[PDB]
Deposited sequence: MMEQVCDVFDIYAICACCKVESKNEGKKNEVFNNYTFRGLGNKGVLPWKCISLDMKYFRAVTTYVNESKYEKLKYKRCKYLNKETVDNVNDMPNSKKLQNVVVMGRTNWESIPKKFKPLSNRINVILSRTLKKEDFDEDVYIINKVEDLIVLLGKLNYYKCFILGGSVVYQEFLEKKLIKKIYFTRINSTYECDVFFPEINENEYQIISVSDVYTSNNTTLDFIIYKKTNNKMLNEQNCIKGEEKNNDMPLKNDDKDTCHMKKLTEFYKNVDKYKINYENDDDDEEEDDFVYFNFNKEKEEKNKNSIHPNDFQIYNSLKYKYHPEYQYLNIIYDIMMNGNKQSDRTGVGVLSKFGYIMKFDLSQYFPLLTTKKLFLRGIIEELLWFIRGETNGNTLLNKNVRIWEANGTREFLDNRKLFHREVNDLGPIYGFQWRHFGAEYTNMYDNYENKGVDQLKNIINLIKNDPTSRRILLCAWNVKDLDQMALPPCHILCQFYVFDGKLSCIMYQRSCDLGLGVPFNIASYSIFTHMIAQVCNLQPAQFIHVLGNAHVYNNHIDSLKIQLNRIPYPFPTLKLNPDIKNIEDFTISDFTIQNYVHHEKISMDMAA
C-alpha cells in the first residue's frame, strides 16, 4: 500500500472549541480568519521545525530500495495554508515546499516550490524525487482528503489544552482506523498546557549479547492477564507524567506481595517508590478518571487553621474524616473518652502546636507548642538554603491520642533561584482511592507555600513507603491503565493572598481539566 512505501505523515496542532464529556475529538480547533486560533505557541512551533526538517540518511537507503521497487523532507500545504505564512520565511528553512491548489500554476513561484493539481498527482511527484518522509502541513480541506484516501500513516498530533474561537476543524479521526502509540511529557508554552501524541494506522552488537548474559538470572506471578493491559502495553513511548502513577499500579499488580490488612479486604503491596511532577509545567490532577478538589482544599484550609474538629468539615459536606470520628471507630482505637469527630492531635494540631498538651477539639491553644507552619515559612523567606525546613505530623508522643497516625509523615522544602520544591513522605498509600487525592493535596500546598513566600513552584516529589492496591480495586484499575492521559490542567491561586492563613475556597481555580469519566473504584 502507498502510505508505507512513500512515508506520508500528517502533523497538526488542535485546541479546544467553545455537563461536558471529553474524548480525543475534544481537541480539533485548527484555524480562524485564515490564521491559527492562538497568538503564539513557540514550543509547538519549535516541535514543528524539528519533526518536519529532521533527516537520518543511514536509514534512507532502506527507503530508496523499497521506493524504486514500485537530503531533505517533503512538506505539502494548501493555498490558504501556504498563504497565511508570514512572507519573510518562504520557502520554509530548507524543506521541499509543495502546494495542493486548483487556481495556481507552477510558473509564478520558484522551480523548488513544486505545485500540484490534485491529490492523485502527488504520488507522481514523489517517485521522481529524493526526500526522507512526506509531512501534510494540512489545512482543514487538505487533511480531510489525504485521510479520506488512507494516504496518512502516522499523525503527529499536538493537543493544545486551552479553548479558542475557531472557523475550521480537523476531521474526527476514526479510532478503529488509527490509534495513539506514543504520548509525550506535558509542557507549558505561552500560558497553556500542551502535549505531543502519535496516531499510527493499524495492521557494535558485541554489547547487545553482553546485555543478555547479564540477565541470566531473571525470574503468572499474580493472577493478572496479558490481553487486559493491551492499550497500556501497546504504547511505545509513555512519557506523560501521569504514567509515573499508572506504572506503580502496573508494578504492584504484576509484582506485588499478596497480604492481609486489618480490614481483611486483601491488598497487593510493594515498598519504596518516588514520583516527581513539574509544578512549573502542569498541575498533576489525574486525567484517566474524574477527580473533585473542593473537599481536599477544605481539608488543607482546616489543617492550616489548626483544627482537629471533624464537624467543621461535615457541615461543609467534606466527609474525608467521617469514618475516623465515629463512636465505633474511636472506641476500637481505645479512645472511649473522646467526643465524636474529635480526631485528637492530628495534622493541624501538630503543624500549629506540636508539643502542646491536647485537651479537646474546642480548647484555645494560641501560643502553645511549636507553630511549625509559621517556622518553615520564615525559614523559606529568611534562610532558604536551610536543610531543616520540615513540617512533621508524626509526633510519637501523641500517636495513640490521634483517631489515626498521619498517612502523610512529613513535608521537606528546598529553595533554589527563586523556586520551591517539596518532598512528601507517605508511610501508607492506597494507590486506587488515596494517592490521586494525595498528589493533588500537596501540589496545591506546594503552590500555597510558594505564593506566600514570593517563589515559583518547581517540583512536588512524592515518596511512597507501604504502597498497596486493594484486591477489590483491581478491575477498576485495569479499566484505568488502558486509558491514555490527556494533557493536565493548571492551578490559578488568587494572587492577592500573601499569608498562608488568608486562602478561602474561592481563591482556588482549576483550568482546562480534560478527563476520562468517573470510576467506582469498588
In sequence order, the deposited-sequence ranges that have no modelled C-alpha atom: 1-3, 22-28, 81-97, 231-282, 299-302, 606-608
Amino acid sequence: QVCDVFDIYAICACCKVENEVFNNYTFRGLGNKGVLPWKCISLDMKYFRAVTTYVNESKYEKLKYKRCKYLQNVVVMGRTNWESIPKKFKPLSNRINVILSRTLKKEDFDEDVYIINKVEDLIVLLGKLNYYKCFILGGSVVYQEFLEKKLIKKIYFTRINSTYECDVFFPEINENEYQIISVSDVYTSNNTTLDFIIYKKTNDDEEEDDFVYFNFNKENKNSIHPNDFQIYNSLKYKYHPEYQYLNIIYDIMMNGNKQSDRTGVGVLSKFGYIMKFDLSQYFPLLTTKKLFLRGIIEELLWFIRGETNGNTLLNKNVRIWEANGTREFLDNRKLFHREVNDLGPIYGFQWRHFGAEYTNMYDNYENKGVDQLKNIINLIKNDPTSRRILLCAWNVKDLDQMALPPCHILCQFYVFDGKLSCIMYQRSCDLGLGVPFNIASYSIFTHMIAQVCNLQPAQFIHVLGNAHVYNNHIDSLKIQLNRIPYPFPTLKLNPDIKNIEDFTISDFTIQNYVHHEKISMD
From here on, numbers count along this sequence of modelled residues.
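Between two forms, the rigid core is defined as the largest C-alpha subset superposing within 1.5 Å.
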Farther-lying stretch by C-alpha RMS in 8 other deposited structures of this protein (rigid core fit) among 475-483, 57-65: 57-65
Between 327-335 and 111-119, the one whose CA atoms sit farther away in 8 other deposited structures of this protein (rigid core aligned): 111-119
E219 left out of the model in a third or more of other PDB entries: yes
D205 unmodelled in at least a third of other compared entries: yes
Which of 5-13 and 504-512 has higher mean CA B factor, as the PDB entry lists it: 5-13
Selected stretch [higher average CA B-factor]: 73-81 or 277-285: 73-81
Identity of residue with top Cα B-factor, from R388, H447, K128, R319: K128
Peak C-alpha temperature factor (PDB record), options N360, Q144, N161, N311: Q144
Cα B factor band for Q179 (lowest, middle or highest third within the chain): highest
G306 by Cα B-factor - lowest, middle or highest third of the modelled chain: lowest
Ranked against its chain, the third holding the CA B-factor of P495: middle
Where the record places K106 (Cα B-factor, split into thirds across the chain): highest
Among modelled residues of the same chain, the CA temperature factor third for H240: middle
